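Participant: Provided herewith: coords28.cif, mmCIF, C-alpha atoms and all ligand atoms.
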```cif
data_work
#
loop_
_atom_site.label_atom_id
_atom_site.label_comp_id
_atom_site.auth_asym_id
_atom_site.auth_seq_id
_atom_site.Cartn_x
_atom_site.Cartn_y
_atom_site.Cartn_z
CA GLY S 2 112.41 78.10 133.28
CA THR S 3 109.42 77.28 131.08
CA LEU S 4 108.36 79.75 128.38
CA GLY S 5 105.51 78.43 126.26
CA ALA S 6 104.52 79.38 122.74
CA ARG S 7 101.35 81.19 123.82
CA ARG S 8 103.15 83.29 126.42
CA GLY S 9 106.01 84.08 124.05
CA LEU S 10 103.59 85.41 121.45
CA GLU S 11 101.86 87.58 124.06
CA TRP S 12 105.20 89.11 125.09
CA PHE S 13 105.90 89.70 121.39
CA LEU S 14 102.52 91.40 121.00
CA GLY S 15 103.20 93.63 124.00
CA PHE S 16 106.41 94.92 122.44
CA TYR S 17 104.73 95.40 119.05
CA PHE S 18 102.07 97.63 120.64
CA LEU S 19 104.47 99.42 123.00
CA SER S 20 106.80 100.18 120.09
CA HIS S 21 103.93 101.39 117.88
CA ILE S 22 103.25 104.38 120.17
CA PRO S 23 106.49 106.33 119.43
CA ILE S 24 106.46 105.10 115.82
CA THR S 25 103.01 106.62 115.33
CA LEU S 26 103.71 109.90 117.15
CA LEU S 27 107.24 110.63 115.91
CA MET S 28 107.18 109.25 112.35
CA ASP S 29 103.84 108.13 110.90
CA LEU S 30 101.85 111.24 111.82
CA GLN S 31 104.44 113.68 110.41
CA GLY S 32 102.12 114.26 107.45
CA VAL S 33 99.03 115.32 109.40
CA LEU S 34 100.37 116.77 112.65
CA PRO S 35 101.84 120.30 112.65
CA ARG S 36 105.59 120.34 112.09
CA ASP S 37 106.24 122.61 115.07
CA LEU S 38 105.19 119.87 117.47
CA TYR S 39 108.46 118.21 116.34
CA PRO S 40 112.02 119.36 117.06
CA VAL S 41 114.17 119.85 113.98
CA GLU S 42 116.26 116.75 114.72
CA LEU S 43 113.09 114.65 114.56
CA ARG S 44 111.89 116.40 111.40
CA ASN S 45 115.25 115.75 109.72
CA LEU S 46 115.11 112.12 110.87
CA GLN S 47 111.72 112.09 109.15
CA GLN S 48 113.36 113.50 106.01
CA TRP S 49 116.08 110.85 106.18
CA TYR S 50 113.56 108.00 106.16
CA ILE S 51 111.67 109.48 103.21
CA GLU S 52 114.86 109.99 101.18
CA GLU S 53 116.53 106.66 101.98
CA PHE S 54 113.45 104.46 101.70
CA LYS S 55 111.85 106.50 98.87
CA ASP S 56 108.49 106.73 100.63
CA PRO S 57 105.79 108.46 98.53
CA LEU S 58 102.96 108.43 101.09
CA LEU S 59 104.06 109.45 104.60
CA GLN S 60 105.41 112.97 104.06
CA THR S 61 102.75 114.29 101.64
CA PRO S 62 99.81 111.92 102.14
CA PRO S 63 97.00 111.53 99.59
CA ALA S 64 93.44 111.90 100.83
CA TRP S 65 92.80 108.15 100.97
CA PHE S 66 96.05 107.63 102.88
CA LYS S 67 95.47 110.72 105.03
CA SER S 68 92.17 109.22 106.20
CA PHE S 69 93.97 106.09 107.40
CA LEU S 70 96.48 108.31 109.23
CA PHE S 71 93.69 109.97 111.23
CA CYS S 72 92.40 106.51 112.13
CA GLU S 73 95.88 105.70 113.43
CA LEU S 74 95.79 108.77 115.68
CA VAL S 75 92.17 108.76 116.82
CA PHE S 76 91.43 105.00 116.99
CA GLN S 77 94.64 102.96 117.03
CA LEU S 78 96.87 105.05 119.30
CA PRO S 79 94.64 105.03 122.43
CA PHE S 80 94.30 101.26 121.98
CA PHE S 81 98.06 100.64 121.93
CA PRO S 82 98.63 101.08 125.71
CA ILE S 83 95.57 98.97 126.58
CA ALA S 84 96.68 96.13 124.30
CA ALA S 85 100.28 96.36 125.54
CA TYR S 86 99.02 96.02 129.12
CA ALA S 87 96.76 93.08 128.28
CA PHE S 88 99.39 91.07 126.39
CA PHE S 89 102.14 91.78 128.91
CA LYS S 90 99.79 90.69 131.70
CA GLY S 91 98.55 87.82 129.55
CA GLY S 92 95.27 86.64 131.06
CA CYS S 93 92.91 89.26 129.63
CA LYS S 94 89.90 87.75 127.86
CA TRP S 95 88.49 91.29 127.55
CA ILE S 96 91.04 92.05 124.79
CA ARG S 97 89.66 89.53 122.27
CA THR S 98 87.02 91.58 120.44
CA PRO S 99 89.02 94.87 120.49
CA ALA S 100 92.09 93.04 119.16
CA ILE S 101 90.13 91.45 116.31
CA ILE S 102 88.72 94.88 115.47
CA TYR S 103 92.23 96.35 115.47
CA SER S 104 93.62 93.49 113.39
CA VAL S 105 90.97 93.64 110.66
CA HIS S 106 91.14 97.45 110.56
CA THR S 107 94.92 97.45 110.15
CA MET S 108 95.14 94.59 107.63
CA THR S 109 92.51 96.38 105.54
CA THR S 110 94.47 99.63 105.83
CA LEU S 111 97.65 98.02 104.54
CA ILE S 112 96.24 96.18 101.51
CA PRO S 113 95.94 99.43 99.48
CA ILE S 114 99.26 100.70 100.85
CA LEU S 115 101.15 97.59 99.71
CA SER S 116 99.36 97.52 96.35
CA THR S 117 100.21 101.18 95.68
CA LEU S 118 103.86 100.64 96.60
CA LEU S 119 104.07 97.55 94.39
CA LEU S 120 102.11 98.68 91.33
CA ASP S 121 101.85 102.46 90.93
CA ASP S 122 104.02 104.90 88.95
CA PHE S 123 106.10 107.18 91.19
CA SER S 124 108.12 108.88 88.45
CA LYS S 125 108.81 112.55 87.83
CA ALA S 126 105.96 112.63 85.32
CA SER S 127 103.61 111.47 88.10
CA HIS S 128 101.84 113.36 90.88
CA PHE S 129 104.35 111.89 93.34
CA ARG S 130 106.97 113.85 91.35
CA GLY S 131 109.70 111.24 91.60
CA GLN S 132 109.58 110.74 95.38
CA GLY S 133 108.88 107.03 95.16
CA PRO S 134 110.43 103.66 94.38
CA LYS S 135 111.44 103.16 90.75
CA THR S 136 113.16 99.76 90.71
CA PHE S 137 111.60 96.50 91.81
CA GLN S 138 114.22 96.38 94.57
CA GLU S 139 113.28 99.88 95.72
CA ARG S 140 109.63 98.79 95.86
CA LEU S 141 110.41 95.73 98.00
CA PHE S 142 112.89 97.59 100.21
CA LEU S 143 110.00 99.93 101.14
CA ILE S 144 107.29 97.25 101.41
CA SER S 145 109.62 95.68 103.98
CA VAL S 146 108.87 98.54 106.38
CA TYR S 147 105.10 98.14 106.01
CA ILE S 148 104.75 94.34 105.79
CA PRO S 149 104.96 93.65 109.58
CA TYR S 150 101.94 95.87 110.09
CA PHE S 151 99.93 93.50 107.92
CA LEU S 152 101.44 90.21 109.10
CA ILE S 153 101.47 90.92 112.85
CA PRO S 154 97.79 91.93 112.75
CA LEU S 155 97.26 88.71 110.77
CA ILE S 156 98.93 86.67 113.52
CA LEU S 157 96.97 88.51 116.23
CA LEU S 158 93.68 87.84 114.43
CA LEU S 159 94.37 84.10 114.17
CA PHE S 160 95.49 84.00 117.81
CA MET S 161 92.33 85.76 119.04
CA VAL S 162 89.89 83.67 116.99
CA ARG S 163 91.22 80.29 118.11
CA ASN S 164 92.79 80.70 121.58
CA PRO S 165 90.55 79.02 124.20
CA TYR S 166 92.16 81.23 126.88
CA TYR S 167 90.53 84.36 125.42
CA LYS S 168 87.02 83.02 124.73
CA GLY O 5 60.26 91.25 116.83
CA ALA O 6 62.80 94.06 116.55
CA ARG O 7 65.70 91.60 116.68
CA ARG O 8 64.14 89.62 113.84
CA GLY O 9 63.40 92.80 111.89
CA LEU O 10 67.07 93.77 111.77
CA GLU O 11 68.00 90.20 110.83
CA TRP O 12 65.58 90.26 107.89
CA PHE O 13 67.01 93.65 106.87
CA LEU O 14 70.58 92.34 107.15
CA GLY O 15 69.49 89.26 105.21
CA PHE O 16 68.23 91.35 102.30
CA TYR O 17 71.33 93.57 102.55
CA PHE O 18 73.66 90.61 101.96
CA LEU O 19 71.44 89.06 99.28
CA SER O 20 71.21 92.30 97.29
CA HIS O 21 74.97 92.81 97.65
CA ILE O 22 75.70 89.80 95.41
CA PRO O 23 74.26 91.27 92.16
CA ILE O 24 75.46 94.77 93.11
CA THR O 25 79.03 93.48 93.41
CA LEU O 26 79.06 91.27 90.32
CA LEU O 27 77.13 93.47 87.88
CA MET O 28 78.19 96.97 88.97
CA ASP O 29 81.03 97.34 91.49
CA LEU O 30 83.48 95.06 89.64
CA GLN O 31 83.23 96.75 86.23
CA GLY O 32 86.72 98.18 86.70
CA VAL O 33 88.33 94.97 87.97
CA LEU O 34 86.65 92.42 85.68
CA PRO O 35 86.95 92.38 81.88
CA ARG O 36 84.60 94.35 79.64
CA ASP O 37 83.69 91.42 77.37
CA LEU O 38 82.26 89.48 80.34
CA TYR O 39 79.47 92.04 80.52
CA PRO O 40 76.71 92.37 77.92
CA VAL O 41 76.31 95.72 76.19
CA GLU O 42 73.09 96.48 78.07
CA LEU O 43 74.86 96.01 81.40
CA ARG O 44 77.82 98.07 80.20
CA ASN O 45 75.49 100.90 79.19
CA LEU O 46 73.78 100.71 82.59
CA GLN O 47 77.19 101.04 84.24
CA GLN O 48 77.81 104.07 82.03
CA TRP O 49 74.50 105.58 83.17
CA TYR O 50 75.60 105.27 86.80
CA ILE O 51 79.05 106.75 86.15
CA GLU O 52 77.64 109.77 84.30
CA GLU O 53 74.54 110.44 86.43
CA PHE O 54 76.40 110.21 89.75
CA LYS O 55 79.75 111.54 88.45
CA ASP O 56 81.62 108.61 90.03
CA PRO O 57 85.37 109.03 89.35
CA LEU O 58 86.62 105.82 90.96
CA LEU O 59 84.49 102.83 89.98
CA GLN O 60 85.00 102.66 86.20
CA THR O 61 88.79 103.31 86.11
CA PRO O 62 89.83 102.38 89.66
CA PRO O 63 93.04 103.69 91.18
CA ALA O 64 95.33 101.06 92.66
CA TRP O 65 94.16 101.65 96.23
CA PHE O 66 90.49 101.38 95.27
CA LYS O 67 91.18 98.43 92.96
CA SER O 68 92.79 96.55 95.85
CA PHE O 69 89.54 97.07 97.78
CA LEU O 70 87.49 95.83 94.83
CA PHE O 71 89.51 92.62 94.71
CA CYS O 72 88.85 92.22 98.44
CA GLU O 73 85.15 92.51 97.61
CA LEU O 74 85.36 89.68 95.07
CA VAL O 75 87.66 87.27 96.91
CA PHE O 76 86.61 87.75 100.55
CA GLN O 77 83.31 89.63 100.84
CA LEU O 78 81.32 88.00 98.03
CA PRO O 79 81.78 84.40 99.30
CA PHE O 80 80.55 85.64 102.69
CA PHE O 81 77.38 87.29 101.34
CA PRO O 82 75.24 84.13 100.87
CA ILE O 83 76.45 82.62 104.17
CA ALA O 84 75.53 85.81 106.02
CA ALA O 85 72.16 86.05 104.28
CA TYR O 86 71.31 82.48 105.30
CA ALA O 87 72.43 83.04 108.90
CA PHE O 88 70.29 86.13 109.45
CA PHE O 89 67.31 84.96 107.39
CA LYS O 90 67.26 81.78 109.47
CA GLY O 91 68.28 83.33 112.79
CA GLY O 92 69.67 81.38 115.71
CA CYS O 93 73.17 81.33 114.18
CA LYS O 94 75.53 82.53 116.91
CA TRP O 95 78.43 81.24 114.80
CA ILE O 96 78.08 84.24 112.45
CA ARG O 97 79.20 86.76 115.10
CA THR O 98 82.99 86.74 114.75
CA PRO O 99 82.82 86.48 110.92
CA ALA O 100 80.31 89.35 110.72
CA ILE O 101 82.51 91.47 113.00
CA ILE O 102 85.43 90.85 110.64
CA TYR O 103 83.30 91.66 107.60
CA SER O 104 81.98 94.85 109.20
CA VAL O 105 85.27 96.40 110.32
CA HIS O 106 86.87 95.50 106.99
CA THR O 107 84.10 97.24 105.03
CA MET O 108 83.95 100.25 107.36
CA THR O 109 87.71 100.62 106.99
CA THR O 110 87.32 100.31 103.22
CA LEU O 111 84.70 103.07 103.10
CA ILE O 112 86.55 105.71 105.16
CA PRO O 113 89.14 106.59 102.45
CA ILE O 114 86.50 106.32 99.69
CA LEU O 115 84.14 108.74 101.46
CA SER O 116 87.07 111.01 102.33
CA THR O 117 88.21 111.28 98.70
CA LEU O 118 84.71 111.86 97.33
CA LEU O 119 84.10 114.65 99.85
CA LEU O 120 87.48 116.39 100.17
CA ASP O 121 89.31 116.05 96.81
CA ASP O 122 89.25 118.53 93.93
CA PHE O 123 87.92 116.74 90.84
CA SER O 124 87.91 120.00 88.82
CA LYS O 125 90.36 119.43 85.93
CA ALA O 126 92.53 117.32 88.22
CA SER O 127 94.61 115.29 85.76
CA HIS O 128 94.27 112.65 88.48
CA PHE O 129 90.75 111.71 87.32
CA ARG O 130 90.63 112.96 83.69
CA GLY O 131 88.11 115.73 84.37
CA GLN O 132 85.54 113.48 86.05
CA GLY O 133 83.96 113.48 89.48
CA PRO O 134 81.76 115.71 91.63
CA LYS O 135 82.42 119.44 91.35
CA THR O 136 79.84 121.05 93.66
CA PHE O 137 79.08 120.01 97.22
CA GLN O 138 75.61 118.77 96.24
CA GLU O 139 77.05 116.54 93.53
CA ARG O 140 79.37 115.18 96.23
CA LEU O 141 76.42 114.37 98.52
CA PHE O 142 74.62 112.75 95.58
CA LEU O 143 77.57 110.41 94.95
CA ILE O 144 78.23 109.66 98.65
CA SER O 145 74.53 108.76 98.83
CA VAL O 146 75.30 105.38 97.23
CA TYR O 147 78.51 104.74 99.21
CA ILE O 148 77.30 105.72 102.69
CA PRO O 149 74.99 102.69 103.29
CA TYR O 150 77.99 100.38 102.97
CA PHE O 151 79.55 102.12 105.96
CA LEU O 152 76.47 102.63 108.14
CA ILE O 153 74.97 99.16 107.71
CA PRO O 154 78.31 97.49 108.63
CA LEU O 155 78.42 99.83 111.64
CA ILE O 156 74.98 98.63 112.71
CA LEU O 157 76.12 95.03 112.22
CA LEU O 158 79.21 95.59 114.39
CA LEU O 159 77.22 97.02 117.30
CA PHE O 160 74.64 94.25 116.85
CA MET O 161 77.27 91.51 117.10
CA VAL O 162 79.30 93.14 119.89
CA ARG O 163 76.41 94.12 122.19
CA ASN O 164 73.34 91.95 121.48
CA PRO O 165 73.03 89.20 124.13
CA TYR O 166 72.32 86.32 121.73
CA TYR O 167 75.51 86.89 119.69
CA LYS O 168 77.69 87.59 122.78
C1 LIG S 201 77.27 87.39 83.32
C2 LIG S 201 78.13 88.59 83.69
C3 LIG S 201 77.30 89.87 83.63
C4 LIG S 201 78.74 88.41 85.06
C5 LIG S 201 79.76 87.27 85.20
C6 LIG S 201 79.97 86.88 86.65
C7 LIG S 201 81.25 86.07 86.94
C8 LIG S 201 82.47 86.85 86.45
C9 LIG S 201 81.28 85.75 88.45
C10 LIG S 201 80.05 84.93 88.89
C11 LIG S 201 80.48 84.17 90.17
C12 LIG S 201 81.88 84.72 90.48
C13 LIG S 201 82.79 83.97 91.45
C14 LIG S 201 82.13 83.87 92.82
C15 LIG S 201 83.10 83.53 93.92
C16 LIG S 201 84.41 83.58 93.81
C17 LIG S 201 85.29 83.20 94.98
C18 LIG S 201 86.43 84.17 95.21
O1 LIG S 201 87.31 83.66 96.22
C19 LIG S 201 87.21 84.38 93.93
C20 LIG S 201 86.29 84.92 92.84
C21 LIG S 201 85.13 83.97 92.52
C22 LIG S 201 85.68 82.68 91.88
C23 LIG S 201 84.13 84.70 91.58
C24 LIG S 201 84.74 85.04 90.21
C25 LIG S 201 83.77 85.78 89.30
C26 LIG S 201 82.48 84.99 89.08
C27 LIG S 201 82.77 83.69 88.32
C1 LIG S 202 91.67 111.25 121.38
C2 LIG S 202 92.67 110.96 120.28
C3 LIG S 202 93.77 112.01 120.19
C4 LIG S 202 94.80 111.99 121.31
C5 LIG S 202 95.76 110.80 121.24
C6 LIG S 202 97.07 111.02 121.99
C7 LIG S 202 97.85 112.24 121.53
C8 LIG S 202 99.29 112.31 122.07
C9 LIG S 202 99.70 113.70 122.46
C10 LIG S 202 100.85 114.30 122.17
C11 LIG S 202 101.99 113.73 121.38
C12 LIG S 202 102.73 114.75 120.50
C13 LIG S 202 103.99 114.19 119.85
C14 LIG S 202 105.09 115.23 119.61
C15 LIG S 202 106.42 114.91 120.29
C16 LIG S 202 107.57 115.85 119.90
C17 LIG S 202 108.84 115.74 120.73
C18 LIG S 202 109.12 116.95 121.59
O1 LIG S 202 108.30 117.80 121.83
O2 LIG S 202 110.36 116.95 122.10
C19 LIG S 202 110.53 117.72 123.32
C20 LIG S 202 111.71 118.67 123.36
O3 LIG S 202 112.25 118.93 122.06
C21 LIG S 202 112.79 118.23 124.32
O4 LIG S 202 113.51 119.34 124.84
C1 LIG S 203 102.79 103.48 108.54
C2 LIG S 203 102.49 102.62 109.53
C3 LIG S 203 101.10 102.33 109.93
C4 LIG S 203 100.72 101.32 110.79
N1 LIG S 203 99.37 101.31 110.94
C5 LIG S 203 98.84 102.32 110.18
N2 LIG S 203 97.53 102.61 110.09
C6 LIG S 203 97.24 103.64 109.28
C7 LIG S 203 98.19 104.38 108.58
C8 LIG S 203 99.53 104.06 108.70
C9 LIG S 203 99.88 102.99 109.53
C10 LIG S 203 103.56 101.89 110.29
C11 LIG S 203 104.91 101.99 109.59
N3 LIG S 203 105.17 103.36 109.16
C12 LIG S 203 106.55 103.50 108.66
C13 LIG S 203 107.56 103.80 109.76
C14 LIG S 203 108.98 104.00 109.23
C15 LIG S 203 110.02 104.17 110.31
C16 LIG S 203 110.06 103.31 111.40
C17 LIG S 203 111.02 103.46 112.38
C18 LIG S 203 111.95 104.46 112.30
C19 LIG S 203 111.92 105.32 111.22
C20 LIG S 203 110.96 105.18 110.24
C21 LIG S 203 104.19 103.78 108.13
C1 LIG S 204 81.12 100.31 95.91
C2 LIG S 204 80.49 99.56 96.83
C3 LIG S 204 81.19 98.72 97.82
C4 LIG S 204 80.57 98.06 98.85
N1 LIG S 204 81.49 97.34 99.57
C5 LIG S 204 82.72 97.53 99.02
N2 LIG S 204 83.86 96.98 99.46
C6 LIG S 204 84.96 97.30 98.76
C7 LIG S 204 84.96 98.14 97.66
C8 LIG S 204 83.76 98.70 97.22
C9 LIG S 204 82.60 98.39 97.92
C10 LIG S 204 78.99 99.51 96.92
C11 LIG S 204 78.37 100.65 96.11
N3 LIG S 204 78.96 100.73 94.78
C12 LIG S 204 78.16 101.59 93.90
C13 LIG S 204 76.94 100.89 93.33
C14 LIG S 204 75.99 101.80 92.54
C15 LIG S 204 74.84 101.05 91.91
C16 LIG S 204 74.11 100.11 92.63
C17 LIG S 204 73.07 99.41 92.04
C18 LIG S 204 72.74 99.64 90.72
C19 LIG S 204 73.45 100.57 89.99
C20 LIG S 204 74.49 101.28 90.58
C21 LIG S 204 80.40 101.12 94.89
#
```
Kindly return the structure encoded in the file as structure tokens.
Ligand SMILES: CC(C)CCC[C@@H](C)[C@H]1CC[C@H]2[C@@H]3CC=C4C[C@@H](O)CC[C@]4(C)[C@H]3CC[C@]12C
Ligand SMILES: CCCCCCCC/C=C\CCCCCCCC(=O)OC[C@H](O)CO
Ligand SMILES: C1=C(c2c[nH]c3ncccc23)CCN(CCCc2ccccc2)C1
Ligand SMILES: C1=C(c2c[nH]c3ncccc23)CCN(CCCc2ccccc2)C1
Facilitator:
Amino acid sequence: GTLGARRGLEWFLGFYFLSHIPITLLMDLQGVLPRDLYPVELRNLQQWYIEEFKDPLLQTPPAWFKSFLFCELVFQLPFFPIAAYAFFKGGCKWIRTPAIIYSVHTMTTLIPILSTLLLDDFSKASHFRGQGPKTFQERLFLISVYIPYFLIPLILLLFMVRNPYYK
Amino acid sequence: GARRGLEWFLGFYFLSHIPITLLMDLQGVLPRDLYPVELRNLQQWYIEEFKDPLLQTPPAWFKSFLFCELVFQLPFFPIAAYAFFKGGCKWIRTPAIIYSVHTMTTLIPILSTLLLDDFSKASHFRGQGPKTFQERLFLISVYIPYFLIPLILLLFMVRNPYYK
């Protein structure tokens, strides 16, 4: 019938947050959670992503990146079902301030991630021991997996600051 | 007035942040020749006294945060100082929430590294940084207020009745 732009974005936000739950549990937190909570097929799927996409941070996370991973588990993950509910339902003014908090937190998390992937040395002679992108194409093929987690928080932040239906 | 007392404190927090950012925090991002020799020696006194391994030669993740301090945070500092020094500025709430969560998120990995990383002959930091746990507390002593004060500002904006 009639699907408006506001309501389409809210459905999009619901699927972003519903999809983030398995992504966080089964892939992102492989570097902090014990391996034995994962079946071998899921651990080898984890290995496939790291080999194909040349990811230097997820499997063996540095301290700065490991601190963001514990924020994902302890702060972001409980919020994902609540935000999925609110944006699927659509009329929830009580999601404004928590969504802005999430959006700023996640955009700030991803600035150093994207800068490290674009600018740092991931060679054998580095501490990443060659498990990172070497070519400019390998850097941008990996950034492509992280960039929606900056941009979609950026869209959510703009939506929540200006939408009269949430203030 | 306890509400006004916090606003005066927050006002002096944002005012003092301006020189702290320009003359000290951005030594690794901005060029050496911009700074006079007396300011460069003062920066060296901080680095050596507090054994700071990040500020002078910033890693890429910390450097990205420093650029956020120059481009986003520093333009906000005078506007926030005015708002809280004057009071009655409900329009600062959503900006101050954004500033606070951004700076809290910035400080979590910094504080984590300073407290949980081995700086003892780690080729990562060229033999610099805190070695004992007391040296770690001494360094964190200058970073912790820039997490706790933003945390106070967040609760202030989210819960205080004037700022919704
Ligand atoms: C005299 C020595 C010690 C310090 C020199 C300070 C210089 C480098 C400072 C003073 C004011 C600063 C500017 C203040 C505000 C902004 C807006 C921001 O969006 C980009 C950076 C920019 C444009 C800053 C660039 C650096 C700057 C020009
Ligand atoms: C308060 C903040 C902390 C709590 C936040 C919520 C924590 C979520 C809990 C568990 C998820 C664990 C994920 C591991 C899933 C592994 C898959 C698995 O076990 O598969 C089953 C089996 O192999 C089939 O036969
Ligand atoms: C880190 C992410 C992340 C989001 N928010 C965070 N906050 C703090 C810390 C990290 C994050 C999200 C993206 N994720 C990559 C998933 C790669 C993948 C997806 C699907 C199937 C297989 C493999 C790495
Ligand atoms: C980094 C800081 C910081 C605050 N916000 C940020 N956002 C993003 C990135 C960094 C920061 C503030 C503290 N500062 C140390 C000043 C030590 C000092 C102060 C005064 C005189 C001499 C020496 C290091």
Participant: Mind giving me the axis-aligned box for range 135-152 of chain O with 8 Å on every side, centre plus edges in Å to one decimal, as JSON?
Facilitator:
```
{"center_x": 78.5, "center_y": 110.7, "center_z": 99.7, "size_x": 23.9, "size_y": 36.7, "size_z": 32.8}
```
Participant: Skip residue 108 in chain S itself and residues of its chain fewer than 3 positions away, then list as a CSV table (one decimal) with C-alpha atoms, in the coordinates of the input all residues within 8 Å of it, counting all atoms listed in the file.
Facilitator:
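Listed below is the output, out34.csv:
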```csv
chain,number,residue,atom,x,y,z
S,104,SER,CA,93.6,93.5,113.4
S,105,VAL,CA,91.0,93.6,110.7
S,111,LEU,CA,97.6,98.0,104.5
S,112,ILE,CA,96.2,96.2,101.5
S,150,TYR,CA,101.9,95.9,110.1
S,151,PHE,CA,99.9,93.5,107.9
S,152,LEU,CA,101.4,90.2,109.1
S,154,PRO,CA,97.8,91.9,112.8
S,155,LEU,CA,97.3,88.7,110.8
```
Participant: Residues within 10 Å of range 151-153 of chain O, please, as JSON, numbers by chain. Count all atoms listed in the file; anything in the same chain fewer than 4 positions from it doesn't count.
Facilitator: {"O": [13, 14, 17, 104, 105, 106, 107, 108, 109, 110, 111, 112, 115, 147, 157, 158]}
Participant: Could you state the separation of atom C8 of ligand LIG 202 (chain S) and CA of residue 43 in chain S in Å, given to one decimal place?
Facilitator: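 Calculated distance between atom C8 of ligand LIG 202 (chain S) and CA of residue 43 in chain S is 15.9 Å.
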Participant: Could you list the protein, DNA and RNA residues that have any atom within 8 Å of ligand LIG 204 (chain S), counting all atoms listed in the file, and write them as a PyMOL selection string?
Facilitator: chain O and resi 21+24-25+28-29+46-47+50+59+66-67+69-73+77+107+110-111+146-147+150
Participant: Could you please take those selected residues and save C-alpha atoms as a short mmCIF file (atom, residue, chain, number, x, y, z; two decimals), keeping the file's coordinate frame?
Facilitator:
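Output file selection13.cif is given in full below:
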```cif
data_model
loop_
_atom_site.label_atom_id
_atom_site.label_comp_id
_atom_site.auth_asym_id
_atom_site.auth_seq_id
_atom_site.Cartn_x
_atom_site.Cartn_y
_atom_site.Cartn_z
CA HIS O 21 74.97 92.81 97.65
CA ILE O 24 75.46 94.77 93.11
CA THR O 25 79.03 93.48 93.41
CA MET O 28 78.19 96.97 88.97
CA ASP O 29 81.03 97.34 91.49
CA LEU O 46 73.78 100.71 82.59
CA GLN O 47 77.19 101.04 84.24
CA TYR O 50 75.60 105.27 86.80
CA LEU O 59 84.49 102.83 89.98
CA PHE O 66 90.49 101.38 95.27
CA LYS O 67 91.18 98.43 92.96
CA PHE O 69 89.54 97.07 97.78
CA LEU O 70 87.49 95.83 94.83
CA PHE O 71 89.51 92.62 94.71
CA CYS O 72 88.85 92.22 98.44
CA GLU O 73 85.15 92.51 97.61
CA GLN O 77 83.31 89.63 100.84
CA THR O 107 84.10 97.24 105.03
CA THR O 110 87.32 100.31 103.22
CA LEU O 111 84.70 103.07 103.10
CA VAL O 146 75.30 105.38 97.23
CA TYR O 147 78.51 104.74 99.21
CA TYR O 150 77.99 100.38 102.97
#
```
Participant: Measuring atom to atom with all atoms listed in the file, identify which of O:138, O:127, O:48, O:68 is nearest to chain S.
Facilitator: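 Going through O:138, O:127, O:48, O:68 one by one, the smallest distance to chain S is for O:68.
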Participant: Go through the chains and note each residue within 8 Å of ligand LIG 201 (chain S), using all atoms listed in the file, then give the set as a list in words.
Facilitator: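 The distance check yields residues 26, 27, 34, 38, 39, 40, 43, 74, 75, 76, 78 and 79 of chain O.
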Participant: So which one's closest to chain O, S:10, S:126, S:22, S:87? Using only C-alpha atoms, please.
Facilitator: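 Checking each of S:10, S:126, S:22, S:87 against chain O, counting only C-alpha atoms, the winner is S:126.
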Participant: Closest to chain O among S:133, S:62, S:82, S:91, using only C-alpha atoms?
Facilitator: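 So, comparing all the options, the nearest one is S:62.
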Participant: Can you complete the atoms of range 17-27 of chain O to N, CA and C atoms and list them as a tab-separated table (two decimals), in the frame of the given file?
Facilitator:
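The result, written out as result16.tsv:
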```
chain	number	residue	atom	x	y	z
O	17	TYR	N	70.12	92.82	102.87
O	17	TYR	CA	71.33	93.57	102.55
O	17	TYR	C	72.38	92.67	101.90
O	18	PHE	N	72.63	91.50	102.49
O	18	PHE	CA	73.66	90.61	101.96
O	18	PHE	C	73.21	89.93	100.67
O	19	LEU	N	71.92	89.66	100.52
O	19	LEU	CA	71.44	89.06	99.28
O	19	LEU	C	71.56	90.04	98.12
O	20	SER	N	71.14	91.29	98.34
O	20	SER	CA	71.21	92.30	97.29
O	20	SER	C	72.65	92.65	96.94
O	21	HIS	N	73.57	92.45	97.88
O	21	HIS	CA	74.97	92.81	97.65
O	21	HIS	C	75.57	91.98	96.53
O	22	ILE	N	75.13	90.73	96.39
O	22	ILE	CA	75.70	89.80	95.41
O	22	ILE	C	75.55	90.36	94.00
O	23	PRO	N	74.34	90.66	93.50
O	23	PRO	CA	74.26	91.27	92.16
O	23	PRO	C	74.91	92.64	92.08
O	24	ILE	N	74.85	93.45	93.14
O	24	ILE	CA	75.46	94.77	93.11
O	24	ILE	C	76.97	94.65	92.92
O	25	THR	N	77.59	93.67	93.57
O	25	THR	CA	79.03	93.48	93.41
O	25	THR	C	79.37	92.97	92.02
O	26	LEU	N	78.67	91.93	91.56
O	26	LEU	CA	79.06	91.27	90.32
O	26	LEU	C	78.73	92.11	89.09
O	27	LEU	N	77.59	92.79	89.08
O	27	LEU	CA	77.13	93.47	87.88
O	27	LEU	C	77.50	94.95	87.84
```
